[PDB]
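Visitor: Sharing a structure, written as structure tokens. Questions coming.
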Amino acid sequence: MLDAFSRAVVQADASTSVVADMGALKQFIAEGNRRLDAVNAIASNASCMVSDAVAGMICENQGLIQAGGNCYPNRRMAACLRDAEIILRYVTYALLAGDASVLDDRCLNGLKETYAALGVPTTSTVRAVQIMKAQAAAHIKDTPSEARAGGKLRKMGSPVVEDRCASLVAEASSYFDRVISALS
Amino acid sequence: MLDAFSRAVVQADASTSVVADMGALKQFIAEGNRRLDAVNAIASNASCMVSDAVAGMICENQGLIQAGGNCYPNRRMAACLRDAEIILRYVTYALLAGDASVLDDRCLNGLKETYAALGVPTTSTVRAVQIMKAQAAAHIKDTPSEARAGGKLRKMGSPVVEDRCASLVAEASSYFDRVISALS
Amino acid sequence: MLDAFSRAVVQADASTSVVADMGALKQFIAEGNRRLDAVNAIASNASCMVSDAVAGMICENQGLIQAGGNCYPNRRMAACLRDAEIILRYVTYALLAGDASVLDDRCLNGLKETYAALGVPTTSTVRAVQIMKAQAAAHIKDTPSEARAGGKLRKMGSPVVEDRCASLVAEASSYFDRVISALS
Amino acid sequence: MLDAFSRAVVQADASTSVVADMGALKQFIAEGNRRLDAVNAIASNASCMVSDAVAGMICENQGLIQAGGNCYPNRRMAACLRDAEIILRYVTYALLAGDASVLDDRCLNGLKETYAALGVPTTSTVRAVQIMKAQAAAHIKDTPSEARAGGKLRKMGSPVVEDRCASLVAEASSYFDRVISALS
Amino acid sequence: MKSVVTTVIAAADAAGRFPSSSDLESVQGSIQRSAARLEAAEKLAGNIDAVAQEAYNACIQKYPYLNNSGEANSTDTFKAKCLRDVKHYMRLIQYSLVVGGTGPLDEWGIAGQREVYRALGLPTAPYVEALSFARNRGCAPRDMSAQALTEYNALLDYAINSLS
Amino acid sequence: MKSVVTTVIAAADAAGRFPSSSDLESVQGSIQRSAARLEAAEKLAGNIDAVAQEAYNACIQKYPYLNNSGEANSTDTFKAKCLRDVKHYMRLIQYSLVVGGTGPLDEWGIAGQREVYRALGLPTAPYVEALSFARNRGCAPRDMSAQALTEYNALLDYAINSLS
Amino acid sequence: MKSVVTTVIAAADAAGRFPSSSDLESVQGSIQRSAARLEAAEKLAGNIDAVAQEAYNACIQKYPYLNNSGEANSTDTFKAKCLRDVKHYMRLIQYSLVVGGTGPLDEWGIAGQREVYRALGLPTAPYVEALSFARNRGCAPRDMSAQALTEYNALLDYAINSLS
Amino acid sequence: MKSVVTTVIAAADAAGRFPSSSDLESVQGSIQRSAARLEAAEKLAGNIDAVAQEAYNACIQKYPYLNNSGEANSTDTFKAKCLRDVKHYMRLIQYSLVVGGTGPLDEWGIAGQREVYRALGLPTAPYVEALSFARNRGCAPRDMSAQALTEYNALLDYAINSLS
Ligand SMILES: *C(=C)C1=C(C)[C@@H](Cc2[nH]c(/C=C3N=C(/C=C4\NC(=O)[C@H](C)[C@H]4[C@@H](*)C)C(C)=C\3CCC(=O)O)c(CCC(=O)O)c2C)NC1=O
Ligand SMILES: *C(=C)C1=C(C)[C@@H](Cc2[nH]c(/C=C3N=C(/C=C4\NC(=O)[C@H](C)[C@H]4[C@@H](*)C)C(C)=C\3CCC(=O)O)c(CCC(=O)O)c2C)NC1=O
Ligand SMILES: *C(=C)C1=C(C)[C@@H](Cc2[nH]c(/C=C3N=C(/C=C4\NC(=O)[C@H](C)[C@H]4[C@@H](*)C)C(C)=C\3CCC(=O)O)c(CCC(=O)O)c2C)NC1=O
Ligand SMILES: *C(=C)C1=C(C)[C@@H](Cc2[nH]c(/C=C3N=C(/C=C4\NC(=O)[C@H](C)[C@H]4[C@@H](*)C)C(C)=C\3CCC(=O)O)c(CCC(=O)O)c2C)NC1=O
Ligand SMILES: *[C@@H](C)[C@H]1/C(=C/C2=NC(=C\c3[nH]c(C[C@H]4NC(=O)C(C=C)=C4C)c(C)c3CCC(=O)O)/C(CCC(=O)O)=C2C)NC(=O)[C@@H]1C
Ligand SMILES: *[C@@H](C)[C@H]1/C(=C/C2=NC(=C\c3[nH]c(C[C@H]4NC(=O)C(C=C)=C4C)c(C)c3CCC(=O)O)/C(CCC(=O)O)=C2C)NC(=O)[C@@H]1C
Ligand SMILES: *[C@@H](C)[C@H]1/C(=C/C2=NC(=C\c3[nH]c(C[C@H]4NC(=O)C(C=C)=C4C)c(C)c3CCC(=O)O)/C(CCC(=O)O)=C2C)NC(=O)[C@@H]1C
Ligand SMILES: *[C@H](C)[C@H]1/C(=C/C2=NC(=C\c3[nH]c(C[C@H]4NC(=O)C(C=C)=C4C)c(C)c3CCC(=O)O)/C(CCC(=O)O)=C2C)NC(=O)[C@@H]1C
Ligand SMILES: *[C@H](C)[C@H]1/C(=C/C2=NC(=C\c3[nH]c(C[C@H]4NC(=O)C(C=C)=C4C)c(C)c3CCC(=O)O)/C(CCC(=O)O)=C2C)NC(=O)[C@@H]1C
Ligand SMILES: *[C@H](C)[C@H]1/C(=C/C2=NC(=C\c3[nH]c(C[C@H]4NC(=O)C(C=C)=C4C)c(C)c3CCC(=O)O)/C(CCC(=O)O)=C2C)NC(=O)[C@@H]1C
Ligand SMILES: *[C@H](C)[C@H]1/C(=C/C2=NC(=C\c3[nH]c(C[C@H]4NC(=O)C(C=C)=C4C)c(C)c3CCC(=O)O)/C(CCC(=O)O)=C2C)NC(=O)[C@@H]1C
Ligand SMILES: *[C@H](C)[C@H]1/C(=C/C2=NC(=C\c3[nH]c(C[C@H]4NC(=O)C(C=C)=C4C)c(C)c3CCC(=O)O)/C(CCC(=O)O)=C2C)NC(=O)[C@@H]1C
Ligand SMILES: *[C@H](C)[C@H]1/C(=C/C2=NC(=C\c3[nH]c(C[C@H]4NC(=O)C(C=C)=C4C)c(C)c3CCC(=O)O)/C(CCC(=O)O)=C2C)NC(=O)[C@@H]1C
Ligand SMILES: *[C@H](C)[C@H]1/C(=C/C2=NC(=C\c3[nH]c(C[C@H]4NC(=O)C(C=C)=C4C)c(C)c3CCC(=O)O)/C(CCC(=O)O)=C2C)NC(=O)[C@@H]1C
């Protein structure tokens with residue numbers, strides 16, 4: 001896999017040149033602590049996220065839990081909860097590395113085809129991914145609602161800035177989007 | 001794999017319904033001893049069946065045992081003998097189960113492709129399976145001819161009824177037909 | 001592995017002679033339904049037996065859940081529960097078969113030395129097995145006390161005879177005693 | 001494996017107590033940067049050390065490179081150089097972790113046996129290890145002599161203190177001593 | 001799916017064997033025992049709603065805290081799904097009675113069940129209590145024959161044990 | 001040693017399972033069927049010498065060439081071991097009736113038989129002929145009940161197939 | 001046991017590598033971060049009984065049914081043990097702060113826990129509740145520094161997720 | 001490609017873990033240490049031709065025989081390729097400083113090098129001398145901070161050792 005830095009290294013090597021543009025990387029560094037918070041925010045809330053999202057996917061489409069539904073019977077429900085967790089896990093890897101390659105390589109590569117063979121519904125998988133995308137954004141900004149969380153609400157307590165890390169939220173979202181783009 | 005009963009269960013679960021009609025199931029039970037005799041009849045004469053069926057495939061097509069023929073030389077003849085037996089074995093499993101799934105999943109799945117890559121002549125294969133089918137039927141009815149058997153004739157000594165297990169003869173034959181069907 | 005019948009055959013084959021006494025094998029068959037009830041009695045109550053036996057082993061020896069104790073920390077407690085269940089399971093195999101060999105070959109052989117290498121305490125292991133021996137006897141006789149079971153009481157509903165399957169109880173106990181002999 | 005800190009936790013767990021004295025641990029942190037230089041000093045000069053140590057073993061015992069000698073022929077010599085580097089590599093792991101367990105568990109365990117079986121001489125190995133012990137100390141203190149290094153002299157250029165990391169020198173030397181001990 | 005015949009066929013297949021003595025014998029067992037389990041199977045098929053309703057009722061009566069705010073039997077939806085779940089287990093038992101093996105229960109009920117209930121925060125005690133109720137409820141010859149009840153009960157204990 | 005019960009036990013153990021519904025049903029199969037096969041085993045135990053003798057006789061009368069110098073029935077020792085061999089198979093068949101599985105015949109007779117007979121230059125047709133005679137010889141109810149004879153014949157045909 | 005340094009050493013060993021750049025850098029992280037987690041660890045060590053007491057108190061308050069006869073907080077022995085369990089988790093957390101990796105919590109707390117609670121019929125929700133209370137409880141700078149609290153809360157969330 | 005973060009990520013994936021405490025700590029080390037090795041990276045980028053030139057000069061000065069008929073520095077092509085080679089290693093070291101792990105140098109410099117130089121009769125000593133000269137050459141604070149020089153030098157020794 002690559003990280004944000006070895007990515008720049010690969011791009012430079014393509015013309016056998018030294019790395020001279022050391023501004024984006026310096027920037028990456030200066031927001032290093034925020035990145036760590038962003039990752040910590042998702043990982044710490046990963047179980048609540050996964051179950052909320054798959055449950056959210058189901059509550060919007062009861063088809064999934066009826067006869068012939070792809071979350072019926074128990075083992076399929078378990079399998080789906082498992083997959084949701086796997087995708088979230090790789091996305092968080094991508095965010096920690098600040099590069100999508102680990103996600104493309106070890107998770108998304110051949111995923112659509114696998115789901116096609118199994119008859120795992122594309123629409124529904126994408127939805128679950130969309131719900132986690134919205135979850136991750138909220139936790140990174142540290143603005144989750146009590147409305148969506150209830151008694152399981154969690155506050156990260158990171159040093160607040162005005163844009164509440166808008167850049168990292170965009171990055172994280174762009175990884176979930178790679179998932180969605182892959183599954184469709 | 002499935003059996004006659006879990007096949008019914010699979011069909012009920014498709015509408016998440018309890019299994020209500022046990023009519024075919026009750027009949028399967030009542031003819032249980034018959035089924036055991038019919039499986040005994042085939043298993044007990046398997047070797048004579050396999051050899052007679054492969055030899056008859058051959059005597060009706062001498063090309064198989066000339067240069068370029070798929071039962072030449074010795075190791076190809078051996079391989080064919082083995083295939084005929086493997087096939088018969090999975091047919092007996094199906095007959096004992098009262099369902100073709102084990103035959104389907106473990107023997108017929110991809111058999112066609114396997115034969116096409118090796119150059120195994122479908123036409124001849126079909127003939128060997130046809131002969132086994134005729135043999136099986138006669139042994140289930142316990143009416144093999146001395147004509148086809150000579151000094152190797154066997155009688156099972158099962159309790160005779162009018163139709164001589166007509167329903168089980170048709171079922172057994174349907175598994176042989178599926179073999180032939182799987183080839184295209 | 002052997003069963004009660006193949007046990008007779010092995011003994012006969014040691015002098016290359018036919019199995020001549022069957023009356024004792026006839027009696028085995030005579031109590032065949034009984035044996036199936038005895039096994040159902042242990043299998044159907046296995047979880048309650050293991051947790052209760054391991055709990056009793058502990059409540060009689062608190063050292064096991066204190067610092068340095070062999071049921072501390074969690075993974076050690078989990079291992080022990082696992083071992084009690086594994087031992088109980090091979091014991092029911094032996095009772096189903098009417099022969100100790102499966103217990104001897106797959107479970108007890110090497111076990112004493114396995115425990116010595118781990119420092120799994122003999123005295124506590126024996127006691128756990130002792131309790132499961134007492135449980136098993138009561139469930140086979142279908143006379144477990146409310147005192148030991150509380151709200152978890154289970155009654156099997158099998159046809160009662162005067163001796164309440166005394167020879168199967170004695171036989172079951174003999175397998176538990178084999179375990180205790182092997183390990184101490 | 002364990003490190004300095006999880007070793008402290010293992011000791012606290014023996015009495016199921018919290019870790020209260022962090023004085024030894026705070027110190028380990030306080031000398032953190034030293035530890036890294038010490039490791040850097042060994043790893044950076046590893047190749048010079050290994051060849052110099054094996055060569056030293058041999059120049060002091062010519063029998064190793066004569067007929068029937070354990071550094072004869074080329075593949076024995078190669079094997080020896082390999083073993084010297086393996087040993088150093090695990091010592092460097094232990095110095096990095098502040099704990100000998102990685103060394104004991106992955107390197108030294110069964111080493112005496114292996115050598116005994118192969119006829120690798122204990123005495124010569126010890127002396128090779130003794131030389132590596134001498135080298136690492138000098139490199140940790142950053143006082144290698146031009147007398148022993150010639151053109152290959154390396155200076156690490158770390159901040160100098162009066163004792164030149166004497167406690168790290170002692171610790172590294174204790175790791176080398178463990179090696180020798182396992183062979184004795 | 002595990003039954004008498006698929007077990008012996010799988011064993012035979014693994015050793016490359018035709019069905020033989022012990023396989024026909026095993027199947028003879030299915031034949032003999034079918035009357036009892038099919039009896040229980042039919043009784044259950046005709047009355048599963050009532051059977052599941054009272055088992056469900058017993059687990060809520062046992063754990064009224066499930067009715068509290070935020071808890072697993074607190075809303076109308078939650079309530080329907082819990083009763084539904086109790087009926088799922090009983091229907092899989094019905095299937096297992098027909099098959100004469102734990103197959104249907106294993107694959108469509110037990111497999112993955114602990115992961116689902118852990119993820120959704122569903123407590124397993126109420127499942128155990130509904131099934132224990134059902135297990136303790138029957139008596140013969142009232143509800144079915146003694147041998148039918150033995151089959152019915154054995155599969156309930158099997159489901160209970162899988163959760164314990 | 002393959003029987004009804006060891007087959008289901010081995011399958012349960014491979015899956016780490018307690019005995020369950022399909023395992024008990026299988027053993028019920030053994031209860032049901034044992035009368036027939038124990039009847040055959042008892043008849044064989046009492047008459048094995050006479051049964052072996054004639055099967056032996058039949059194979060030699062079929063292939064007189066075996067009596068020629070150098071051939072496998074030409075000496076007293078050869079004659080004695082050929083009869084003994086036939087009795088071996090019949091004894092193993094007696095063991096398999098008792099066990100209710102092909103175990104005894106598989107392990108003690110069939111395993112290695114082709115290597116042995118090949119090595120010692122023993123033709124297999126006379127083995128098959130002795131067993132085929134024995135398989136065609138019985139009739140019910142003269143020798144035993146129809147189902148006892150079915151069990152007897154199935155193991156003879158099992159042996160025959162293993163040599164064919 | 002998993003820590004910063006044991007993780008890079010294991011990766012190094014797997015590729016037969018001496019410690020190199022990225023390995024030393026990783027340990028520099030452990031150096032930079034130790035003040036935070038050791039502050040939390042020190043605070044936790046000094047007040048573990050009060051911290052676990054109020055977590056225990058909070059989970060019993062969430063589930064008063066635990067107090068009813070035959071439930072898991074119903075007796076003096078059960079009560080003491082439930083408090084003890086919370087304190088075990090808090091101590092493993094103190095360990096994991098000292099180590100700077102989840103090692104002690106993984107191996108001595110999480111490993112096997114679901115088997116144990118399932119086998120003894122111990123509901124997991126009270127565990128999650130005690131830990132959640134603990135997770136929400138701290139505030140900086142009152143209790144400790146903001147980075148120390150961050151370290152403390154991550155280990156609590158880690159343990160919570162293991163039961164969820 | 002090996003860095004601090006790809007190493008902890010690969011280990012986490014091998015165990016199916018989310019990033020945890022020790023993974024975040026590790027990356028904070030990369031945060032801490034970046035200033036030193038990026039300073040080195042920037043200095044090396046600005047001055048790579050000069051650095052490579054004088055290391056190249058030194059190695060030819062050590063081994064003038066390289067200039068003899070048919071030797072590896074004897075023609076204009078060969079001279080140009082030798083300098084290029086020295087430069088290659090320095091650029092790969094610039095990459096490794098940027099990455100904070102030996103990745104770039106491992107994969108594009110070291111892997112295959114011994115095969116290549118063996119095949120083409122290229123002596124390795126001049127490589128080692130070019131890199132050793134450059135290793136002994138820098139001093140702080142003239143060229144860069146002492147900690148930046150430490151990073152620079154560490155990667156030179158790593159390259160050296162890979163040839164030794
Ligand atoms: C079905 C009845 C149904 C649902 C289930 C639910 C699914 C859902 N959830 C969200 C949004 C979020 N969920 C979050 C999760 C959590 N918040 C926490 O604090 C804890 C740790 C965790 C577990 C509960 C978060 C943080 C969000 C972000 C939004 C917010 O905080 O308000 C959505 C919205 C997704 C979208 O944007 O499309 C949905 C659909 N909703 C249901 O209807
Ligand atoms: C080549 C010259 C040639 C053949 C070889 C032979 C092949 C063949 N065989 C049949 C039919 C049967 N063979 C049977 C086998 C046996 N019966 C026994 O009693 C013993 C145990 C066993 C081995 C000898 C049986 C039972 C039959 C069924 C017919 C019957 O019983 O009369 C066929 C006919 C297949 C068909 O109908 O399509 C053929 C072609 N025939 C050859 O020409
Ligand atoms: C610690 C304080 C402690 C215990 C825990 C307990 C352990 C223990 N249990 C028994 C005896 C039995 N336990 C049984 C188990 C069950 N009965 C049921 O109906 C359900 C299915 C199952 C789980 C609860 C049974 C059947 C018995 C047999 C005795 C009886 O009267 O039923 C003992 C006694 C064992 C012996 O005699 O050595 C012990 C020690 N006791 C504790 O002190
Ligand atoms: C055979 C004739 C023979 C030898 C070969 C040599 C072996 C030897 N070497 C030492 C001590 C050291 N060697 C060192 C190695 C190096 N220093 C460097 O700067 C480079 C990187 C590296 C390779 C050359 C070092 C640092 C030492 C420490 C001592 C010192 O610095 O002076 C010994 C002495 C071992 C001891 O002290 O017991 C020996 C024997 N000597 C030979 O006789
Ligand atoms: C078609 C297959 C046959 C045929 C079969 C019939 N068999 C009948 C009864 C029967 N068969 C057996 C043997 C079987 N049961 C076993 O358990 C085992 C091995 C474990 C085997 C091989 C038994 C025991 C019985 C019952 C005997 C009894 O009455 O006690 C039968 C009559 C019953 C029915 O009508 O179904 C038939 C017809 N008969 C035929 O005509 C063809 C040749
Ligand atoms: C000691 C174990 C018990 C006890 C047992 C008895 N059971 C008796 C009969 C019986 N049990 C069964 C069920 C069994 N057969 C099966 O095929 C299967 C599963 C596939 C099982 C579990 C049957 C079918 C029968 C026969 C019908 C009947 O008797 O009702 C029995 C009576 C026969 C005998 O004396 O051996 C006894 C005594 N009885 C006891 O007292 C303790 C509690
Ligand atoms: C004994 C081993 C040595 C020695 C070592 C000292 N090093 C000191 C400080 C220091 N070293 C480094 C480099 C180190 N830290 C890292 O993070 C990495 C790699 C990622 C490495 C290789 C740093 C950054 C520092 C701190 C800054 C500074 O002090 O300049 C040091 C002074 C601190 C202390 O006393 O512990 C010492 C003594 N010094 C010696 O005398 C022998 C030769
Ligand atoms: C959940 C939101 C979905 C859903 C998912 C299902 N997936 C099923 C099986 C399955 N999933 C994967 C992909 C997963 N494994 C990996 O290793 C990685 C990445 C590294 C991923 C994403 C595989 C390979 C498989 C097959 C093997 C297996 O069972 O794990 C599955 C079971 C299908 C079946 O067998 O019927 C389900 C239900 N299903 C849904 O309804 C929603 C949309
Ligand atoms: C005989 C009636 C045919 C015939 C058959 C040949 N088959 C040859 C190879 C072969 N067959 C199979 C399928 C078989 N193996 C299985 O595992 C199963 C089901 C579980 C089946 C049905 C395989 C996989 C192979 C390849 C491996 C092997 O050699 O055994 C074969 C040899 C071809 C060659 O190597 O040239 C022959 C001759 N040939 C005939 O002429 C008649 C029609
Ligand atoms: C419970 C009553 C005991 C107790 C048990 C423990 N056993 C531990 C490890 C262990 N146990 C076995 C034997 C088990 N594995 C098998 O495959 C079979 C039979 C087929 C049996 C009976 C093995 C081989 C092992 C070690 C490998 C493994 O864990 O799988 C154990 C953990 C020991 C440790 O790691 O320190 C415990 C605590 N301990 C008790 O206190 C009571 C007496
Ligand atoms: C034996 C005399 C028992 C006993 C039995 C009673 N059961 C009563 C009602 C009842 N039981 C069930 C469960 C039953 N129905 C089924 O369809 C199946 C399985 C397929 C089972 C196990 C139901 C659904 C009902 C309500 C409808 C009905 O009456 O059948 C009952 C009436 C009073 C009551 O409801 O409790 C009795 C007396 N009661 C006993 O005290 C002994 C131990
Ligand atoms: C049915 C009427 C048959 C038939 C039967 C005959 N068998 C005769 C003699 C005979 N058979 C056996 C084998 C038998 N004895 C056993 O102990 C067992 C199995 C354990 C078997 C299968 C023997 C050893 C003997 C000689 C001693 C005896 O008489 O029992 C027989 C007498 C005339 C003869 O020997 O051929 C008859 C008539 N014969 C038939 O034609 C129908 C088809
Ligand atoms: C920040 C203003 C919060 C807030 C904080 C309060 N905490 C109060 C008491 C309290 N907190 C703890 C947990 C703390 N002690 C520890 O040792 C550790 C970790 C090692 C932690 C996180 C304890 C044990 C106690 C009781 C003893 C004590 O006060 O020190 C507290 C007093 C009132 C109360 O008990 O609730 C406050 C106000 N409260 C808030 O509203 C914001 C969010
Ligand atoms: C410290 C006082 C040393 C010392 C240093 C000198 N270096 C001199 C020239 C020089 N050095 C380099 C390598 C340097 N430039 C880089 O860009 C990098 C890494 C990226 C390094 C290590 C170059 C290319 C040059 C030539 C251009 C220049 O002047 O910088 C130097 C001038 C005299 C000379 O050329 O030798 C000094 C004094 N000299 C010492 O005596 C102590 C040990």
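Each chain in the structure tokens gets a letter, A, B, ..., in the order shown, and its residues are numbered from 1; ligands are numbered from 1 in order too.
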Please write out the residues within 6 Å of ligand 2 as a compact mmCIF listing (two decimals) with N, CA, C and O atoms, in the first residue's frame, counting only C-alpha atoms and all ligand atoms.

Guide:
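Result written to part_29.txt:
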# COMPACT_ATOMS: atom_id res chain seq x y z
N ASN B 45 -24.61 -54.58 -7.10
CA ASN B 45 -24.17 -55.04 -8.41
C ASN B 45 -23.37 -53.98 -9.17
O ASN B 45 -23.17 -54.11 -10.38
N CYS B 48 -20.40 -55.08 -11.63
CA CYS B 48 -20.90 -55.75 -12.81
C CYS B 48 -21.54 -54.71 -13.74
O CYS B 48 -21.37 -54.75 -14.96
N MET B 49 -22.27 -53.77 -13.15
CA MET B 49 -22.90 -52.71 -13.91
C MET B 49 -21.90 -51.83 -14.65
O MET B 49 -22.03 -51.61 -15.85
N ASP B 52 -19.95 -53.80 -17.42
CA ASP B 52 -20.85 -54.13 -18.53
C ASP B 52 -21.23 -52.88 -19.34
O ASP B 52 -21.37 -52.93 -20.57
N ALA B 53 -21.40 -51.76 -18.65
CA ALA B 53 -21.84 -50.54 -19.32
C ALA B 53 -20.70 -49.89 -20.12
O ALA B 53 -20.90 -49.44 -21.26
N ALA B 55 -18.05 -51.60 -21.25
CA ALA B 55 -17.77 -52.55 -22.34
C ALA B 55 -18.79 -52.45 -23.47
O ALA B 55 -18.48 -52.74 -24.63
N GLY B 56 -20.02 -52.05 -23.14
CA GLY B 56 -21.09 -51.97 -24.13
C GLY B 56 -21.02 -50.67 -24.90
O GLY B 56 -21.28 -50.63 -26.11
N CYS B 59 -18.20 -51.79 -27.29
CA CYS B 59 -18.51 -52.74 -28.34
C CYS B 59 -19.38 -52.08 -29.41
O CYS B 59 -19.37 -52.50 -30.57
N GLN B 130 -26.55 -44.39 -20.24
CA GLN B 130 -27.79 -45.04 -20.68
C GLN B 130 -27.83 -46.50 -20.26
O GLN B 130 -28.84 -46.99 -19.81
N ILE B 131 -26.71 -47.19 -20.46
CA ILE B 131 -26.68 -48.61 -20.16
C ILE B 131 -26.85 -48.81 -18.65
O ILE B 131 -27.67 -49.62 -18.23
N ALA B 134 -30.50 -48.46 -17.78
CA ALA B 134 -31.26 -49.67 -18.07
C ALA B 134 -30.96 -50.76 -17.05
O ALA B 134 -31.87 -51.44 -16.57
N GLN B 135 -29.68 -50.93 -16.72
CA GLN B 135 -29.28 -51.93 -15.72
C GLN B 135 -29.96 -51.64 -14.39
O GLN B 135 -30.60 -52.52 -13.81
N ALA B 138 -33.56 -52.55 -14.14
CA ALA B 138 -33.81 -53.98 -14.09
C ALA B 138 -33.47 -54.56 -12.73
O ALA B 138 -34.13 -55.48 -12.26
N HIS B 139 -32.43 -54.02 -12.09
CA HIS B 139 -32.04 -54.52 -10.78
C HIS B 139 -33.00 -54.06 -9.69
O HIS B 139 -33.23 -54.77 -8.72
N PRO B 144 -33.33 -58.74 -13.80
CA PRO B 144 -32.27 -58.80 -14.82
C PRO B 144 -32.38 -60.07 -15.68
O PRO B 144 -32.78 -61.11 -15.17
N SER B 145 -32.05 -59.97 -16.96
CA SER B 145 -32.06 -61.15 -17.83
C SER B 145 -30.76 -61.94 -17.74
O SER B 145 -29.68 -61.36 -17.56
N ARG B 148 -28.39 -60.82 -20.65
CA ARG B 148 -27.45 -59.72 -20.49
C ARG B 148 -26.43 -60.02 -19.39
O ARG B 148 -25.44 -59.31 -19.25
N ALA B 149 -26.69 -61.05 -18.59
CA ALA B 149 -25.89 -61.27 -17.38
C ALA B 149 -25.02 -62.52 -17.42
O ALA B 149 -23.94 -62.54 -16.85
N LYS B 152 -23.23 -64.27 -14.28
CA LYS B 152 -23.07 -63.24 -13.27
C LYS B 152 -24.42 -62.72 -12.78
O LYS B 152 -24.49 -61.75 -12.02
N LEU B 153 -25.49 -63.38 -13.21
CA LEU B 153 -26.84 -62.97 -12.88
C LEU B 153 -27.02 -62.93 -11.37
O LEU B 153 -26.56 -63.81 -10.67
N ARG B 154 -27.67 -61.88 -10.88
CA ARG B 154 -28.01 -61.79 -9.46
C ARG B 154 -29.50 -61.53 -9.27
O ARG B 154 -30.11 -60.77 -10.01

Visitor: Kindly compile the residues surrounding ligand 13 within 7 Å, counting only C-alpha atoms and all ligand atoms, and format them as JSON, numbers by chain.

Guide: {"G": [40, 43, 44, 47, 48, 50, 51, 134, 137, 138, 139, 140, 142, 143]}

Visitor: As a ChimeraX atom specification, please: every protein or nucleic acid residue near ligand 6 (cut-off 7 Å, counting only C-alpha atoms and all ligand atoms).

Guide: /C:30-31,33-38,40,140-142,158-165,168 /E:33,147,150 /F:21,24-25,28

Visitor: Do you know which residues are at most 10 Å from range 117-119 of chain B counting only C-alpha atoms, after dropping those on the same chain fewer than 4 positions away, and could you put them as a list in words?

Guide: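 Everything that qualifies: residues 70, 112 and 113 of chain B.
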
Visitor: Keeping only N, CA and C atoms, write the selected residues to a file as a short mmCIF file (atom, residue, chain, number, x, y, z; two decimals), in the first residue's frame.

Guide:
data_model
loop_
_atom_site.label_atom_id
_atom_site.label_comp_id
_atom_site.auth_asym_id
_atom_site.auth_seq_id
_atom_site.Cartn_x
_atom_site.Cartn_y
_atom_site.Cartn_z
N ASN B 70 -10.70 -42.33 -27.12
CA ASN B 70 -10.59 -41.85 -25.76
C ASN B 70 -10.55 -42.95 -24.72
N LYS B 112 -19.30 -31.01 -17.40
CA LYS B 112 -19.30 -30.68 -18.81
C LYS B 112 -18.01 -29.97 -19.20
N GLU B 113 -17.68 -28.92 -18.47
CA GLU B 113 -16.47 -28.15 -18.74
C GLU B 113 -15.22 -29.01 -18.60
#

Visitor: Could you list, as an MDAnalysis selection string, every residue within 12 Å of residue 85 in chain F, counting only C-alpha atoms and ignoring same-chain residues fewer than 2 positions away?

Guide: chainID F and resid 49 52:53 55:56 78:83 87:92 109 113 117 122 124 126:128 130:131
